[PDB]
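Going down the list, the protein sequences come from chains F, P, G, W and S.
Throughout the first sequence, residue numbering follows UniProt numbering, covering 64 to 220 in sequence.
Throughout the second sequence, residue numbering follows UniProt numbering, covering 64 to 221 in sequence.
Throughout the third sequence, residue numbering follows UniProt numbering, covering 64 to 220 in sequence.
Throughout the fourth sequence, residue numbering follows UniProt numbering, covering 63 to 221 in sequence.
Throughout the fifth sequence, residue numbering follows UniProt numbering, covering 64 to 220 in sequence.
We put the CB at the ideal spot given by N, CA and C, even for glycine.
Quick notes on the structure that follows.
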Amino acid sequence: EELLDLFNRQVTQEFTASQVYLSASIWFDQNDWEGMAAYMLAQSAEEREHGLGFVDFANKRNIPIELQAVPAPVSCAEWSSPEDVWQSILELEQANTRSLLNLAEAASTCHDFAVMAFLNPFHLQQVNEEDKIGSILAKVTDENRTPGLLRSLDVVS
Amino acid sequence: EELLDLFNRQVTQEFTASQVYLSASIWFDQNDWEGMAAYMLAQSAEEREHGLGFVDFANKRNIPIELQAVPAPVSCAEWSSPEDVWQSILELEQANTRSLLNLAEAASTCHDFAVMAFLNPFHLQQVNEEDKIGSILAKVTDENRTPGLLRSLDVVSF
Amino acid sequence: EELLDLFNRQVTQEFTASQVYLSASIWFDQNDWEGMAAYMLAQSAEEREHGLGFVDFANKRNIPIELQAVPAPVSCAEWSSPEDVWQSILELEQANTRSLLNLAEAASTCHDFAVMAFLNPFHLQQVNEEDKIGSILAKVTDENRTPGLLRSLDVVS
Amino acid sequence: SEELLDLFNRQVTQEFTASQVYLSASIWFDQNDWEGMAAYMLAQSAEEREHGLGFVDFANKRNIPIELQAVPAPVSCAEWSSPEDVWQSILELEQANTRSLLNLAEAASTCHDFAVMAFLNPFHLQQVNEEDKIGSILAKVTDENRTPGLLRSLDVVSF
Amino acid sequence: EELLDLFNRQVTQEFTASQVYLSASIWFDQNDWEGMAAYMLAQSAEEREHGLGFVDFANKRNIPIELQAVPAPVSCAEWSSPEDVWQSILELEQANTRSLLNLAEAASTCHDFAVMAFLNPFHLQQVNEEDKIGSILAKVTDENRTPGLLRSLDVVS
Ligand SMILES: [Fe+3]
Ligand SMILES: [Fe+3]
Ligand SMILES: [Fe+3]
Ligand SMILES: [Fe+3]
Ligand SMILES: [Fe+3]
């Protein structure tokens, strides 16, 4: 069943995103961007909580869960500036949104009303998340046009 | 119309479930499982509340409600152990779930977005209810393997 | 450099352990041992926090961290009773202890006093964790000699 | 006092027109990720609408007929490209708002309508404060916008 | 003996450092960087307190202490900008860490477990102090790329 397989891959996707946020924290902390690092660390935790949510629902609903590897984050190897990091995180959130939308499609095809209901808050959360990341990325891209200025976003905010 | 019929039948299923839980509470009380009896009594009241919620929504949405009989419960003629009661209550919740899904399917066919939205919290509640009853039945079935041990479920929890 | 490699592997081991504990919670929840499931979930969180503490220290100490894959837990394929799960968790904590000891050994060799100091509370925590898991496993093993008895004591927890 | 009754009715429209232009500014700022400036505009939008409601309440009490007109579509958003453009349009809006109220007070003065002139006094003084506040913001925005990225500071810190 | 001489010279190093931090406060104050000046003054007091801790332990352990002169700070004649000050302070903390690491080596060689235990919090504090100073220096160095911008680090933060 497409639906059971996708529900499992959603758990992996949440944990994958958690680890990618952790890699963003690390790059920021290594590069003395402690404010952005804390933001990424908080978002790492929150993603993991989302994965845990999906696991809990699956257990209740008898959707078998088999935990997959969480792959090593790949984007950090090539980030060189905060703009690079934030662009990768926007791309992650966009991918997280698609995965959830595909899962909802599969649920809709199956008439799985409970799964569709469970997913509603996550669809609305993703709208907010993509908006928030895109907005920070816009500020970062504007501020980084003047040397040193972005270092103000971090220290302030 | 199918949606209107299924929405009435839902009120009926909630009130019928309420009575079946009441029946289970009686069986337990009569057999000195006061803890399981109190649990069933609480669930009886809650399933009546769900029915009342459906009635309220229907009144607001001009869905005509014709209250049907609540049939005499009959599974409590045959119960001879707590496991038998909990199995029936599991089957009851599985029937409750099915009736909500039937109603949602009809709302979906009709593009009745308001009804589908109203139903969402009930779909999620049924997931929790079937899980919870399933888990209790697993405990009962395991503990009843040693004589007297299930009386500990009743006294300790519940 | 051996100390750096080992410090990275320790991060990996904490996050691996975190995932094995999650696996344990899933098995328990699926088999209606909700109390044991909650215990495993809490431990899963805590071992991820340990990982985070290693990453934080590394960042401060300029120990480069590159996040590795977190492997798929595999023991939940073979579990068929709580005893099996708790035994795998004991072995996991024994392995967590060994990785910390390998790390400390390398730091000692390198005369890395700060790393050794950082490790001390973890060495002491591992004593506690192996003792606690050993104690639960003994209790589980003894209670399950009578059908149903073990269930009655997940329920009291 | 047909002139006066007319202009008083017309002042409701002006307040609601201003409310919508502020809303428009809030939208432009949100769409372009100036959430601080967007919140300021949204608040002013609400306050403009309250001013209109005050006019309506007073008219009801004074038996000045109110007939609600179309609230015109804001149009300056088509051509805004930077925050400076937006704030300049909002200054123009407030200057127009001030003139409309002074034209109304002129018609009242002519009619010896002491009550209407008294009703308007706090509004004349509010407009003084609002043109000053907007002009001051526009001066800041214009200066900060001389260095790339710096204005994005104002939004994030202040606002 | 060498452990005893090194313990004495650790006291001197702490007081030396306190005076270098004082010098940094003076340069900042003189050049109207009141925020950085306050940071340096606070760090000067703290390093004097570390020296006092060493003295107190020495007295307890019958390690004779003979207070040495506190040398005049020398870097404060060359400093021309905040970057130069923070760089000298990083170097000071790097020297602080090396002095503690030499003392720990001597104690290790002597099997002096009490001295090693006493030093552990200091080892971990140095990790934090070098990270914090290095991070500030990174911020200073970036922000100073734009005329006047650094003067906002100070007044704001
Ligand atoms: Fe997420
Ligand atoms: Fe119900
Ligand atoms: Fe751990
Ligand atoms: Fe107004
Ligand atoms: Fe010190």
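query, result
"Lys123 of chain G vs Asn191 of chain S beta-carbon contact at 8 Å", "yes"
"Start-to-end residues for the alpha helix (DSSP H) that takes in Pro184 of chain W", "176-206"
"Through-space distance from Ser107 of chain G to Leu155 of chain W, alpha-carbon basis", "59 Å"
"Beta-carbon spacing of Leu66 of chain W, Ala158 of chain W below 8 Å", "no"
"Residues of its chain near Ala100 of chain S, where Cβ-Cβ distance is below 7 Å and the 5 sequence neighbours each way are ignored", "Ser88, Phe91, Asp92"
"First and last residue of the uninterrupted alpha helix (DSSP H) at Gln93 of chain P", "65-93"
"Min CB distance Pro210 of chain F to chain S below 8 Å", "yes"
"Which listed residue (G:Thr160, G:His174, G:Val137, G:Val219) has its alpha carbon closest to that of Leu164 of chain S", "G:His174"
"Reduced DSSP category for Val137 of chain G - H, G, I as helix; E, B as strand; rest coil", "coil"
"Neighbourhood of ligand 3 [Cβ distance below 6 Å to any heavy atom], ordered by chain position", "G:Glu77, G:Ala80, G:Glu110, G:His113, G:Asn159"
"Residue of G:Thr75, G:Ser81, G:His113 minimising C-alpha distance to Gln188 of chain G", "G:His113"
"Endpoints, the alpha helix (DSSP H) within which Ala105 of chain P is located", "97-123"
"Cβ of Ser171 of chain G within 8 Å of any chain F Cβ", "no"
"Sequence-distant residues of its chain with Cβ nearer than 8 Å to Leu153 of chain S (five each side left out)", "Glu193, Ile196, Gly197, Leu200"
"Which of helix, strand or coil DSSP assigns to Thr209 of chain P", "coil"
"Sufficient close CB pairs (3 or more, under 8 Å) joining the region 133-150 of chain F to the region 136-143 of chain G", "no"
"Burial state of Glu110 of chain F (16 or more Cβ within 10 Å)", "buried"
"Residues in the region 90-102 of chain G having any Cβ partner in chain P nearer than 7 Å", "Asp95, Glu97"
"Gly114 of chain F beta carbon near ligand 6 (any heavy atom closer than 7 Å)", "Looking at this structure, you won't find ligand 6 anywhere; what it does contain is ligand 1, ligand 2, ligand 3, ligand 4 and ligand 5."
"Contacting residues, own chain, Cβ-Cβ under 6 Å from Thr160 of chain S (five flanking each side not counted)", "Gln189"
"Partner residues on chain P for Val118 of chain G, Cβ-Cβ distance less than 9 Å", "Within 9 Å Cβ-Cβ: nothing; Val118 of chain G doesn't reach chain P, min ~36 Å."
"Close beta carbons around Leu212 of chain W, own chain, < 7 Å, minus the five adjacent residues each side", "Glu206"
"Contacts that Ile128 of chain F makes with chain G (C-beta to C-beta distance below 7 Å)", "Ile89"
"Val178 of chain S and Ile128 of chain S closer than 8 Å at C-beta", "no"
"Residue environment, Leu104 of chain G, which counts as buried when at least 16 other CB atoms sit within 10 Å", "buried"
"Pair within 8 Å by beta-carbon distance, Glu146 of chain S and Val219 of chain S", "no"
"Host alpha helix (DSSP H) of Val148 of chain P (start-end)", "145-172"
"Within chain S, partners of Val219 of chain F - CB distance below 8 Å", "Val219, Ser220"
"Rounded C-alpha distance that separates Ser162 of chain P from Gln76 of chain P", "8 Å"
"Beta carbon proximity, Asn159 of chain S to chain G, threshold 8 Å", "no"
"Candidates W:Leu130, W:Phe70, W:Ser86, of which the one nearest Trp149 of chain W by Cα", "W:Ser86"
"Reference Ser81 of chain P, options P:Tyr102, P:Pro184, P:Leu69, P:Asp95, closest by Cα", "P:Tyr102"
"Partner residues on chain F for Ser215 of chain W, Cβ-Cβ distance less than 9 Å", "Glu206, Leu212, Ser215, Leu216, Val219"
"Other residues of its chain near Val118 of chain W: CB distance less than 7 Å, five sequence neighbours each side excluded", "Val74, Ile128"
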